[PDB]
file run14.pdb (PDB, C-alpha atoms and all ligand atoms)
ATOM      1  CA  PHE A 168      78.600 107.437 144.941
ATOM      2  CA  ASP A 169      81.659 107.296 142.688
ATOM      3  CA  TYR A 170      82.568 106.355 139.135
ATOM      4  CA  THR A 171      84.833 103.521 140.304
ATOM      5  CA  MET A 172      81.937 101.692 141.956
ATOM      6  CA  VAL A 173      80.217 101.605 138.559
ATOM      7  CA  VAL A 174      83.203  99.957 136.860
ATOM      8  CA  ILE A 175      83.459  97.118 139.388
ATOM      9  CA  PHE A 176      79.755  96.385 138.915
ATOM     10  CA  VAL A 177      80.166  96.206 135.131
ATOM     11  CA  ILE A 178      83.158  93.865 135.414
ATOM     12  CA  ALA A 179      81.397  91.734 138.038
ATOM     13  CA  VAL A 180      78.316  91.355 135.796
ATOM     14  CA  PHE A 181      79.804  91.217 132.287
ATOM     15  CA  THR A 182      82.158  88.370 133.216
ATOM     16  CA  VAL A 183      79.413  86.486 135.073
ATOM     17  CA  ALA A 184      76.746  86.932 132.398
ATOM     18  CA  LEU A 185      79.358  85.772 129.872
ATOM     19  CA  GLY A 186      80.748  82.978 132.039
ATOM     20  CA  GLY A 187      77.257  81.622 132.581
ATOM     21  CA  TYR A 188      76.215  82.021 128.949
ATOM     22  CA  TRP A 189      79.374  80.359 127.638
ATOM     23  CA  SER A 190      78.749  77.351 129.890
ATOM     24  CA  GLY A 191      75.581  76.504 127.989
ATOM     25  CA  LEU A 192      77.305  76.968 124.633
ATOM     26  CA  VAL A 193      79.460  73.859 125.027
ATOM     27  CA  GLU A 194      76.416  72.097 126.486
ATOM     28  CA  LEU A 195      74.586  72.554 123.182
ATOM     29  CA  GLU A 196      77.349  70.848 121.190
ATOM     30  CA  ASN A 197      77.603  67.984 123.697
ATOM     31  CA  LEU A 198      73.959  67.051 123.077
ATOM     32  CA  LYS A 199      74.656  66.963 119.324
ATOM     33  CA  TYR A 215      84.822  68.694 133.525
ATOM     34  CA  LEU A 216      84.938  68.023 137.282
ATOM     35  CA  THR A 217      81.345  67.703 138.469
ATOM     36  CA  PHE A 218      80.957  68.396 142.138
ATOM     37  CA  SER A 219      79.285  66.351 144.834
ATOM     38  CA  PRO A 220      77.748  67.384 148.178
ATOM     39  CA  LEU A 221      80.523  65.564 150.037
ATOM     40  CA  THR A 222      82.980  66.989 147.504
ATOM     41  CA  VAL A 223      81.466  70.438 148.078
ATOM     42  CA  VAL A 224      81.923  70.130 151.848
ATOM     43  CA  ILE A 225      85.499  68.909 151.348
ATOM     44  CA  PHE A 226      86.220  71.891 149.092
ATOM     45  CA  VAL A 227      84.746  74.300 151.656
ATOM     46  CA  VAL A 228      86.845  72.798 154.462
ATOM     47  CA  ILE A 229      89.966  72.974 152.298
ATOM     48  CA  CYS A 230      89.142  76.613 151.509
ATOM     49  CA  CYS A 231      88.898  77.386 155.231
ATOM     50  CA  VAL A 232      92.199  75.632 155.976
ATOM     51  CA  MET A 233      93.891  77.385 153.051
ATOM     52  CA  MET A 234      92.642  80.766 154.275
ATOM     53  CA  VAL A 235      93.877  80.137 157.829
ATOM     54  CA  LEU A 236      97.254  79.008 156.493
ATOM     55  CA  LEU A 237      97.389  82.154 154.354
ATOM     56  CA  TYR A 238      96.721  84.388 157.352
ATOM     57  CA  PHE A 239      99.136  82.658 159.735
ATOM     58  CA  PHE A 240     101.910  81.651 157.304
ATOM     59  CA  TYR A 241     101.723  84.717 155.079
ATOM     60  CA  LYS A 242     105.382  85.300 154.241
ATOM     61  CA  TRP A 243     105.856  82.351 151.852
ATOM     62  CA  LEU A 244     102.198  81.618 151.133
ATOM     63  CA  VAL A 245     101.880  84.964 149.338
ATOM     64  CA  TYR A 246     104.659  84.033 146.895
ATOM     65  CA  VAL A 247     103.263  80.529 146.397
ATOM     66  CA  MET A 248      99.824  81.989 145.656
ATOM     67  CA  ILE A 249     101.327  84.539 143.259
ATOM     68  CA  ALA A 250     103.114  81.794 141.315
ATOM     69  CA  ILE A 251     100.076  79.506 141.162
ATOM     70  CA  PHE A 252      97.782  82.374 140.171
ATOM     71  CA  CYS A 253     100.213  83.500 137.469
ATOM     72  CA  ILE A 254     100.426  80.048 135.873
ATOM     73  CA  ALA A 255      96.690  79.377 136.186
ATOM     74  CA  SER A 256      95.781  82.785 134.765
ATOM     75  CA  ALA A 257      98.190  82.375 131.852
ATOM     76  CA  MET A 258      96.612  79.012 131.010
ATOM     77  CA  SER A 259      93.070  80.364 131.409
ATOM     78  CA  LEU A 260      93.819  83.399 129.237
ATOM     79  CA  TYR A 261      95.275  81.112 126.573
ATOM     80  CA  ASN A 262      92.171  78.916 126.656
ATOM     81  CA  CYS A 263      89.746  81.852 126.476
ATOM     82  CA  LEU A 264      91.627  83.607 123.669
ATOM     83  CA  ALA A 265      91.889  80.369 121.683
ATOM     84  CA  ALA A 266      88.150  79.804 122.095
ATOM     85  CA  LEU A 267      87.417  83.356 120.934
ATOM     86  CA  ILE A 268      89.736  83.161 117.923
ATOM     87  CA  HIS A 269      88.586  79.673 116.846
ATOM     88  CA  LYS A 270      85.284  81.048 115.526
ATOM     89  CA  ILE A 271      86.982  83.219 112.879
ATOM     90  CA  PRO A 272      89.168  81.240 110.397
ATOM     91  CA  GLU A 286      99.173  75.197 114.968
ATOM     92  CA  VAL A 287     101.489  78.206 114.774
ATOM     93  CA  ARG A 288      98.568  80.390 115.875
ATOM     94  CA  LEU A 289      98.278  78.434 119.128
ATOM     95  CA  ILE A 290     102.025  78.754 119.769
ATOM     96  CA  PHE A 291     101.924  82.518 119.200
ATOM     97  CA  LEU A 292      98.894  82.842 121.484
ATOM     98  CA  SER A 293     100.639  80.858 124.223
ATOM     99  CA  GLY A 294     103.741  83.018 123.857
ATOM    100  CA  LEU A 295     101.738  86.233 124.142
ATOM    101  CA  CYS A 296      99.860  84.903 127.175
ATOM    102  CA  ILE A 297     103.054  83.850 128.947
ATOM    103  CA  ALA A 298     104.610  87.239 128.146
ATOM    104  CA  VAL A 299     101.608  88.992 129.709
ATOM    105  CA  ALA A 300     101.801  86.713 132.755
ATOM    106  CA  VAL A 301     105.532  87.360 133.193
ATOM    107  CA  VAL A 302     105.024  91.119 132.850
ATOM    108  CA  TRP A 303     102.322  90.935 135.518
ATOM    109  CA  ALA A 304     104.621  88.932 137.793
ATOM    110  CA  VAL A 305     107.488  91.425 137.499
ATOM    111  CA  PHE A 306     105.227  94.493 137.695
ATOM    112  CA  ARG A 307     103.016  93.702 140.694
ATOM    113  CA  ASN A 308     104.236  96.748 142.660
ATOM    114  CA  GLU A 309     103.241  99.745 140.510
ATOM    115  CA  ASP A 310      99.535 100.179 141.249
ATOM    116  CA  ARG A 311      99.335 102.991 138.679
ATOM    117  CA  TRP A 312      99.021 100.602 135.731
ATOM    118  CA  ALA A 313      99.246  96.989 136.948
ATOM    119  CA  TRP A 314      95.534  96.947 137.781
ATOM    120  CA  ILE A 315      94.670  96.605 134.075
ATOM    121  CA  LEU A 316      96.824  93.484 133.798
ATOM    122  CA  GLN A 317      95.444  92.028 137.022
ATOM    123  CA  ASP A 318      91.852  92.739 135.972
ATOM    124  CA  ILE A 319      92.345  91.063 132.590
ATOM    125  CA  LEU A 320      94.035  88.052 134.183
ATOM    126  CA  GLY A 321      91.275  87.781 136.777
ATOM    127  CA  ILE A 322      88.486  88.046 134.213
ATOM    128  CA  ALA A 323      90.084  85.320 132.094
ATOM    129  CA  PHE A 324      90.594  83.091 135.143
ATOM    130  CA  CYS A 325      87.005  83.550 136.325
ATOM    131  CA  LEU A 326      85.585  82.906 132.849
ATOM    132  CA  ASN A 327      87.581  79.709 132.383
ATOM    133  CA  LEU A 328      86.801  78.419 135.877
ATOM    134  CA  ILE A 329      83.082  79.092 135.392
ATOM    135  CA  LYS A 330      83.159  77.254 132.063
ATOM    136  CA  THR A 331      85.074  74.214 133.319
ATOM    137  CA  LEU A 332      83.347  73.628 136.684
ATOM    138  CA  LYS A 333      79.889  72.075 136.327
ATOM    139  CA  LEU A 334      77.489  71.478 139.185
ATOM    140  CA  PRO A 335      75.343  68.322 139.146
ATOM    141  CA  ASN A 336      72.066  69.752 140.451
ATOM    142  CA  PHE A 337      70.546  72.555 142.498
ATOM    143  CA  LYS A 338      71.174  70.690 145.766
ATOM    144  CA  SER A 339      74.912  71.214 145.338
ATOM    145  CA  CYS A 340      74.273  74.851 144.402
ATOM    146  CA  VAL A 341      72.268  75.534 147.568
ATOM    147  CA  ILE A 342      74.656  73.625 149.841
ATOM    148  CA  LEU A 343      77.747  75.352 148.454
ATOM    149  CA  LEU A 344      76.189  78.820 148.526
ATOM    150  CA  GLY A 345      74.909  78.409 152.084
ATOM    151  CA  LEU A 346      78.158  76.976 153.430
ATOM    152  CA  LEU A 347      80.181  79.719 151.749
ATOM    153  CA  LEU A 348      77.761  82.357 153.047
ATOM    154  CA  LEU A 349      78.063  81.170 156.644
ATOM    155  CA  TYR A 350      81.834  80.675 156.373
ATOM    156  CA  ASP A 351      82.494  84.104 154.850
ATOM    157  CA  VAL A 352      80.123  85.968 157.172
ATOM    158  CA  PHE A 353      81.875  84.300 160.103
ATOM    159  CA  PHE A 354      85.377  85.049 158.788
ATOM    160  CA  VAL A 355      84.585  88.724 158.207
ATOM    161  CA  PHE A 356      82.297  89.541 161.167
ATOM    162  CA  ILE A 357      83.078  87.232 164.102
ATOM    163  CA  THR A 358      86.878  87.205 163.726
ATOM    164  CA  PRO A 359      87.295  90.857 164.887
ATOM    165  CA  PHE A 360      85.615  89.989 168.194
ATOM    166  CA  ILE A 361      88.476  87.590 169.028
ATOM    167  CA  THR A 362      91.569  88.236 166.909
ATOM    168  CA  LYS A 363      93.420  91.377 167.995
ATOM    169  CA  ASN A 364      94.443  92.206 164.412
ATOM    170  CA  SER A 367      88.950  90.961 160.554
ATOM    171  CA  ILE A 368      91.223  88.484 158.799
ATOM    172  CA  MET A 369      90.355  90.090 155.453
ATOM    173  CA  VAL A 370      91.820  93.422 156.600
ATOM    174  CA  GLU A 371      95.230  91.804 156.039
ATOM    175  CA  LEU A 372      94.284  89.650 153.041
ATOM    176  CA  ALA A 373      93.531  92.782 150.987
ATOM    177  CA  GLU A 381     103.113  91.999 147.960
ATOM    178  CA  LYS A 382      99.326  92.017 148.225
ATOM    179  CA  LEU A 383      97.164  88.988 147.499
ATOM    180  CA  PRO A 384      96.929  88.283 143.754
ATOM    181  CA  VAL A 385      93.288  87.177 143.917
ATOM    182  CA  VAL A 386      91.310  90.364 144.599
ATOM    183  CA  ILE A 387      90.435  92.624 141.667
ATOM    184  CA  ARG A 388      91.973  96.080 142.108
ATOM    185  CA  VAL A 389      90.557  99.255 140.560
ATOM    186  CA  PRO A 390      91.834 102.742 141.476
ATOM    187  CA  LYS A 391      89.662 105.840 141.718
ATOM    188  CA  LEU A 392      88.640 106.529 138.110
ATOM    189  CA  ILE A 393      88.424 110.313 138.473
ATOM    190  CA  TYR A 394      92.133 110.946 137.887
ATOM    191  CA  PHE A 395      93.672 107.543 137.045
ATOM    192  CA  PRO A 404      92.813 104.374 147.343
ATOM    193  CA  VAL A 405      91.413 101.446 145.333
ATOM    194  CA  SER A 406      88.339  99.248 145.400
ATOM    195  CA  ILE A 407      88.478  95.479 145.871
ATOM    196  CA  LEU A 408      86.224  92.642 144.723
ATOM    197  CA  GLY A 409      87.090  89.045 145.495
ATOM    198  CA  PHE A 410      87.068  86.228 142.984
ATOM    199  CA  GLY A 411      84.396  84.440 145.010
ATOM    200  CA  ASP A 412      81.751  87.062 144.217
ATOM    201  CA  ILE A 413      82.434  86.402 140.538
ATOM    202  CA  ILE A 414      82.839  82.621 140.724
ATOM    203  CA  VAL A 415      80.189  81.206 143.075
ATOM    204  CA  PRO A 416      77.205  83.105 141.603
ATOM    205  CA  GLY A 417      78.964  82.451 138.313
ATOM    206  CA  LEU A 418      78.695  78.724 139.002
ATOM    207  CA  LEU A 419      75.014  79.131 139.859
ATOM    208  CA  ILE A 420      74.353  81.007 136.604
ATOM    209  CA  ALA A 421      76.318  78.395 134.654
ATOM    210  CA  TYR A 422      74.090  75.691 136.124
ATOM    211  CA  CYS A 423      70.982  77.755 135.354
ATOM    212  CA  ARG A 424      72.044  78.115 131.718
ATOM    213  CA  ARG A 425      72.804  74.391 131.528
ATOM    214  CA  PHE A 426      69.309  73.631 132.822
ATOM    215  CA  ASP A 427      67.884  76.082 130.312
ATOM    216  CA  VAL A 428      69.581  74.226 127.478
ATOM    217  CA  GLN A 429      68.512  70.843 128.853
ATOM    218  CA  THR A 430      64.812  71.491 129.474
ATOM    219  CA  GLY A 431      64.007  73.550 126.381
ATOM    220  CA  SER A 432      63.396  77.004 127.820
ATOM    221  CA  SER A 433      65.317  79.696 125.966
ATOM    222  CA  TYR A 434      66.510  82.435 128.330
ATOM    223  CA  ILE A 435      64.305  82.417 131.447
ATOM    224  CA  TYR A 436      66.574  81.071 134.191
ATOM    225  CA  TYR A 437      69.744  82.727 132.884
ATOM    226  CA  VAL A 438      68.205  86.196 132.508
ATOM    227  CA  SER A 439      66.491  85.911 135.894
ATOM    228  CA  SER A 440      69.715  84.899 137.637
ATOM    229  CA  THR A 441      71.758  87.663 135.990
ATOM    230  CA  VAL A 442      69.147  90.293 136.900
ATOM    231  CA  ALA A 443      69.078  89.125 140.517
ATOM    232  CA  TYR A 444      72.886  89.054 140.660
ATOM    233  CA  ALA A 445      73.074  92.633 139.366
ATOM    234  CA  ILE A 446      70.475  93.754 141.919
ATOM    235  CA  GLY A 447      72.468  92.005 144.639
ATOM    236  CA  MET A 448      75.636  93.808 143.568
ATOM    237  CA  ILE A 449      73.833  97.162 143.630
ATOM    238  CA  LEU A 450      72.393  96.439 147.079
ATOM    239  CA  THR A 451      75.821  95.437 148.403
ATOM    240  CA  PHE A 452      77.315  98.673 147.078
ATOM    241  CA  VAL A 453      74.533 100.732 148.664
ATOM    242  CA  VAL A 454      74.959  98.995 152.028
ATOM    243  CA  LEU A 455      78.749  99.371 151.914
ATOM    244  CA  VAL A 456      78.529 103.099 151.190
ATOM    245  CA  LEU A 457      75.778 103.736 153.760
ATOM    246  CA  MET A 458      77.495 101.597 156.432
ATOM    247  CA  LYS A 459      81.050 103.034 156.144
ATOM    248  CA  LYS A 460      82.527  99.556 156.688
ATOM    249  CA  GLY A 461      83.568  96.628 154.547
ATOM    250  CA  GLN A 462      80.747  94.246 153.683
ATOM    251  CA  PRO A 463      80.560  90.536 152.839
ATOM    252  CA  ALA A 464      78.790  90.558 149.501
ATOM    253  CA  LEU A 465      77.950  86.863 149.688
ATOM    254  CA  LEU A 466      75.442  88.011 152.325
ATOM    255  CA  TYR A 467      73.548  90.141 149.782
ATOM    256  CA  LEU A 468      74.235  87.781 146.857
ATOM    257  CA  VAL A 469      73.354  84.248 147.992
ATOM    258  CA  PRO A 470      69.845  85.091 149.316
ATOM    259  CA  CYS A 471      68.899  87.070 146.200
ATOM    260  CA  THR A 472      70.178  84.523 143.676
ATOM    261  CA  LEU A 473      68.794  81.530 145.579
ATOM    262  CA  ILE A 474      65.390  83.168 146.077
ATOM    263  CA  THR A 475      65.086  84.177 142.425
ATOM    264  CA  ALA A 476      66.126  80.719 141.199
ATOM    265  CA  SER A 477      63.712  78.966 143.557
ATOM    266  CA  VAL A 478      60.844  81.281 142.584
ATOM    267  CA  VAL A 479      61.458  80.969 138.843
ATOM    268  CA  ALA A 480      61.674  77.184 139.180
ATOM    269  CA  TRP A 481      58.547  76.956 141.337
ATOM    270  CA  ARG A 482      56.351  79.155 139.136
ATOM    271  CA  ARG A 483      56.494  76.447 136.445
ATOM    272  CA  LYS A 484      56.190  73.505 138.892
ATOM    273  CA  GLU A 485      59.637  72.104 138.118
ATOM    274  CA  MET A 486      61.360  72.210 141.509
ATOM    275  CA  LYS A 487      61.805  68.436 141.842
ATOM    276  CA  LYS A 488      63.422  68.029 138.418
ATOM    277  CA  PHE A 489      65.516  71.184 138.877
ATOM    278  CA  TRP A 490      66.687  69.797 142.239
ATOM    279  CA  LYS A 491      67.402  66.153 141.388
ATOM    280  CA  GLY A 492      69.438  66.841 138.249
ATOM    281  CA  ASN A 493      68.852  65.140 134.912
ATOM    282  CA  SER A 494      70.805  61.916 134.333
TER     283      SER A 494
HETATM  284  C1  LIG A 501      81.710  94.398 146.016
HETATM  285  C2  LIG A 501      82.856  94.819 146.925
HETATM  286  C3  LIG A 501      82.831  96.336 147.085
HETATM  287  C4  LIG A 501      82.642  94.158 148.277
HETATM  288  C5  LIG A 501      83.983  93.796 148.894
HETATM  289  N1  LIG A 501      83.827  92.557 149.632
HETATM  290  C6  LIG A 501      84.518  91.344 149.230
HETATM  291  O1  LIG A 501      85.224  91.348 148.283
HETATM  292  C7  LIG A 501      84.319  90.057 150.029
HETATM  293  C8  LIG A 501      85.141  90.040 151.320
HETATM  294  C9  LIG A 501      86.390  90.918 151.280
HETATM  295  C10 LIG A 501      87.453  90.612 150.432
HETATM  296  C11 LIG A 501      88.576  91.434 150.434
HETATM  297  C12 LIG A 501      88.632  92.531 151.277
HETATM  298  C13 LIG A 501      87.584  92.817 152.117
HETATM  299  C14 LIG A 501      86.469  92.014 152.121
HETATM  300  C15 LIG A 501      84.679  88.829 149.192
HETATM  301  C16 LIG A 501      84.315  87.586 150.004
HETATM  302  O2  LIG A 501      82.926  87.436 150.011
HETATM  303  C17 LIG A 501      84.943  86.332 149.407
HETATM  304  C18 LIG A 501      84.396  85.111 150.150
HETATM  305  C19 LIG A 501      84.498  83.864 149.272
HETATM  306  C20 LIG A 501      83.534  83.592 148.315
HETATM  307  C21 LIG A 501      83.665  82.415 147.516
HETATM  308  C22 LIG A 501      84.789  81.565 147.721
HETATM  309  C23 LIG A 501      85.707  81.894 148.697
HETATM  310  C24 LIG A 501      85.522  83.009 149.416
HETATM  311  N2  LIG A 501      86.384  86.384 149.572
HETATM  312  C25 LIG A 501      87.249  85.625 148.685
HETATM  313  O3  LIG A 501      86.835  85.260 147.638
HETATM  314  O4  LIG A 501      88.545  85.281 149.084
HETATM  315  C26 LIG A 501      89.533  86.260 148.935
HETATM  316  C27 LIG A 501      89.669  87.055 150.230
HETATM  317  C28 LIG A 501      90.858  85.567 148.635
HETATM  318  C29 LIG A 501      89.199  87.220 147.800
HETATM  319  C30 LIG A 501      84.338  94.912 149.861
HETATM  320  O5  LIG A 501      83.857  94.916 150.942
HETATM  321  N3  LIG A 501      85.244  95.972 149.469
HETATM  322  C31 LIG A 501      85.550  97.016 150.428
HETATM  323  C32 LIG A 501      86.691  96.531 151.321
HETATM  324  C33 LIG A 501      87.845  97.526 151.362
HETATM  325  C34 LIG A 501      88.918  97.374 150.500
HETATM  326  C35 LIG A 501      89.970  98.275 150.539
HETATM  327  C36 LIG A 501      89.953  99.321 151.448
HETATM  328  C37 LIG A 501      88.883  99.466 152.315
HETATM  329  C38 LIG A 501      87.834  98.566 152.275
HETATM  330  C39 LIG A 501      85.921  98.300 149.690
HETATM  331  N4  LIG A 501      85.553  99.589 150.241
HETATM  332  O6  LIG A 501      86.509  98.245 148.667
END

call {"tool": "encode", "arguments": {"input": "run14.pdb", "output": "structure tokens", "more": "lines below"}}
Ligand SMILES: CC(C)C[C@H](NC(=O)[C@H](Cc1ccccc1)C[C@@H](O)[C@H](Cc1ccccc1)NC(=O)OC(C)(C)C)C(=O)N[C@@H](Cc1ccccc1)C(N)=O
result
Amino acid sequence: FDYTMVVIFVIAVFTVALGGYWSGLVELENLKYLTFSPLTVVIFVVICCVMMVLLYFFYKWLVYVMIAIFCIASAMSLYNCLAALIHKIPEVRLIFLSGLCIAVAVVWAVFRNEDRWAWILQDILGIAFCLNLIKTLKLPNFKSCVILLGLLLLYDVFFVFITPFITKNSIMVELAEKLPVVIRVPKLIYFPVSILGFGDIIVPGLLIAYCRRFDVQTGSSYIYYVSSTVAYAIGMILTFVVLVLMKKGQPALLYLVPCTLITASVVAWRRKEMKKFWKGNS
């Protein structure tokens, strides 16, 4: 047990409970986006696998390409999130916000080496990126949710567990000039860092976004969203316990997808609404 492990859990739940909640907020005003498809989901999974293999085998230039793309995407996402937050309280303001965001992104790009104090910048950029990507990506129905979660679960478990049995080098032991995707937090006793991927925040984030959208659509207030967030937090705690008591790295998707899927299925089945929750309205 350590204080750092608490901080990662708070970040991984605050920015998923807010990413999911915010998704339903725009849904409310619509009733007054790149929707996925099962074939599209499979294509995205295959492209993710190919991208990961290319990252591992062509690392030298792929790291710089990923840093540049992540910097631009995170600057844009931070601008969008800050503009959305400021819009509520009563353009030159947009230009100033874009300038501040690009200044933060440039500072992060030029200060990626010092791990003493670049982790704050990387955490803020990652939280903004995850929030924006959860808001903008909408799933059509629970079938896509289940297919994507299961395919990612099998893919990630394979990549982390079966790869050591063949490759002489786990692939993720090299993937975490480090990769600009993983969230880095040093030991918060005096400042050896922890790592949490963006997938743990995004994929259950997409499921919670869909749950909140369904909440808004059907009429129920907070049932599915609260249930999914509670199960996601319990999954994070269980993953942390298993990681500490196993002394090895652990694929969290393994202790996240079953919990979230089971809780969503149970909460949908208790009300006899599985068919509607699975087909997708309209
Ligand atoms: C909640 C968290 C604690 C769990 C964390 N596991 C993880 O973060 C998982 C695997 C991983 C990632 C990076 C390094 C190792 C292992 C993340 C893993 O599940 C996802 C899979 C995924 C999901 C959706 C879409 C695409 C991919 N990985 C992912 O999103 O892609 C990258 C690698 C680019 C971040 C972990 O095991 N951390 C260990 C690993 C470690 C890091 C540093 C030193 C020693 C050991 C730790 N003790 O900090």

call {"tool": "resolve_selection", "arguments": {"input": "run14.pdb", "expression": "the PyMOL selection byres (((chain A and resi 265) around 12) and not hetatm)", "output": "number ranges by chain"}}
result
A: 258-264, 266-272, 286, 288-293, 295-296, 323, 327

call {"tool": "resolve_selection", "arguments": {"input": "run14.pdb", "expression": "the PyMOL selection byres (((chain A and resi 479) around 12) and not hetatm)", "output": "VMD selection string"}}
result
chain A and resid 423 427 432 434 to 440 443 472 to 478 480 to 486 489

call {"tool": "residues_near_point", "arguments": {"input": "run14.pdb", "point": "(102.0, 91.6, 152.0)", "cutoff": "9 Å", "atoms": "only C-alpha atoms", "output": "list in words"}}
result
residues 241, 242, 245, 371, 372, 373, 381, 382 and 383 of chain A

call {"tool": "residues_near_ligand", "arguments": {"input": "run14.pdb", "ligand": "ligand LIG 501 (chain A)", "cutoff": "9 Å", "atoms": "all atoms listed in the file", "output": "PyMOL selection string"}}
result
chain A and resi 172+175-176+179+227+230-231+234+344+347-348+350-352+354-355+367-373+383-388+404-416+448-449+451-452+455-456+459-466

call {"tool": "residues_around", "arguments": {"input": "run14.pdb", "residues": "residue 312 (chain A)", "least_positions_apart": "5", "cutoff": "10 Å", "atoms": "all atoms listed in the file", "output": "PyMOL selection string"}}
result
chain A and resi 306-307+317+389-390+395

call {"tool": "atom_distance", "arguments": {"input": "run14.pdb", "atom1": "CA of residue 425 (chain A)", "atom2": "CA of residue 183 (chain A)"}}
result
14.2 Å

call {"tool": "closest_atom_pairs", "arguments": {"input": "run14.pdb", "of": "region 313-395 of chain A", "to": "region 188-218 of chain A", "cutoff": "9 Å", "atoms": "all atoms listed in the file", "output": "JSON lines"}}
result
{"residue": "A:326", "atom": "CA", "partner": "A:189", "partner_atom": "CA", "distance": 8.5}
{"residue": "A:329", "atom": "CA", "partner": "A:190", "partner_atom": "CA", "distance": 7.2}
{"residue": "A:330", "atom": "CA", "partner": "A:190", "partner_atom": "CA", "distance": 4.9}
{"residue": "A:331", "atom": "CA", "partner": "A:215", "partner_atom": "CA", "distance": 5.5}
{"residue": "A:332", "atom": "CA", "partner": "A:216", "partner_atom": "CA", "distance": 5.9}
{"residue": "A:333", "atom": "CA", "partner": "A:217", "partner_atom": "CA", "distance": 5.1}
{"residue": "A:334", "atom": "CA", "partner": "A:217", "partner_atom": "CA", "distance": 5.4}
{"residue": "A:335", "atom": "CA", "partner": "A:217", "partner_atom": "CA", "distance": 6.1}
{"residue": "A:339", "atom": "CA", "partner": "A:218", "partner_atom": "CA", "distance": 7.4}

call {"tool": "axis_aligned_box", "arguments": {"input": "run14.pdb", "around": "region 268-272 of chain A", "padding_each_side": "8 Å", "output": "AutoDock Vina command-line options"}}
result
--center_x 87.5 --center_y 81.4 --center_z 114.2 --size_x 20.5 --size_y 19.5 --size_z 23.5

call {"tool": "atom_distance", "arguments": {"input": "run14.pdb", "atom1": "CA of residue 256 (chain A)", "atom2": "CA of residue 324 (chain A)"}}
result
5.2 Å

call {"tool": "closest_residue", "arguments": {"input": "run14.pdb", "among": "A:342, A:239, A:356, A:294", "to": "residue 226 (chain A)", "atoms": "only C-alpha atoms"}}
result
A:342

call {"tool": "atom_distance", "arguments": {"input": "run14.pdb", "atom1": "CA of residue 247 (chain A)", "atom2": "CA of residue 322 (chain A)"}}
result
20.6 Å

call {"tool": "closest_residue", "arguments": {"input": "run14.pdb", "among": "A:417, A:424, A:467, A:453", "to": "residue 181 (chain A)", "atoms": "all atoms listed in the file"}}
result
A:417

call {"tool": "resolve_selection", "arguments": {"input": "run14.pdb", "expression": "the PyMOL selection byres (((chain A and resi 169) around 9) and not hetatm)", "output": "PDB file with C-alpha atoms, keeping the file's coordinate frame"}}
result
ATOM      1  CA  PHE A 168      78.600 107.437 144.941  1.00  0.00           C
ATOM      2  CA  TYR A 170      82.568 106.355 139.135  1.00  0.00           C
ATOM      3  CA  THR A 171      84.833 103.521 140.304  1.00  0.00           C
ATOM      4  CA  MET A 172      81.937 101.692 141.956  1.00  0.00           C
ATOM      5  CA  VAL A 173      80.217 101.605 138.559  1.00  0.00           C
ATOM      6  CA  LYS A 391      89.662 105.840 141.718  1.00  0.00           C
ATOM      7  CA  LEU A 392      88.640 106.529 138.110  1.00  0.00           C
ATOM      8  CA  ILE A 393      88.424 110.313 138.473  1.00  0.00           C
TER       9      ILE A 393
END

call {"tool": "decode", "arguments": {"input": "run14.pdb", "residues": "region 307-314 of chain A", "atoms": "N, CA, C and O atoms", "output": "compact mmCIF listing (two decimals), in the first residue's frame"}}
result
# COMPACT_ATOMS: atom_id res chain seq x y z
N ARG A 307 10.04 17.04 -21.74
CA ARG A 307 9.62 15.66 -21.57
C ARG A 307 10.66 14.81 -20.84
O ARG A 307 10.39 13.64 -20.57
N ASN A 308 11.83 15.37 -20.54
CA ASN A 308 12.91 14.60 -19.92
C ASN A 308 12.85 14.65 -18.40
O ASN A 308 12.94 13.61 -17.74
N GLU A 309 12.70 15.84 -17.83
CA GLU A 309 12.71 16.01 -16.37
C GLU A 309 11.45 15.38 -15.80
O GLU A 309 10.36 15.95 -15.89
N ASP A 310 11.60 14.21 -15.19
CA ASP A 310 10.47 13.53 -14.56
C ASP A 310 10.13 14.11 -13.19
O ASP A 310 9.15 13.67 -12.58
N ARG A 311 10.91 15.06 -12.69
CA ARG A 311 10.59 15.70 -11.42
C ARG A 311 9.28 16.46 -11.49
O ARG A 311 8.46 16.39 -10.57
N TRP A 312 9.05 17.20 -12.58
CA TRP A 312 7.88 18.06 -12.66
C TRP A 312 7.19 18.08 -14.02
O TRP A 312 6.33 18.94 -14.24
N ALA A 313 7.55 17.19 -14.94
CA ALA A 313 6.79 17.07 -16.18
C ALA A 313 5.57 16.17 -16.04
O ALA A 313 4.70 16.19 -16.92
N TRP A 314 5.49 15.40 -14.96
CA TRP A 314 4.35 14.50 -14.79
C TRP A 314 3.05 15.27 -14.58
O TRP A 314 1.99 14.80 -14.98
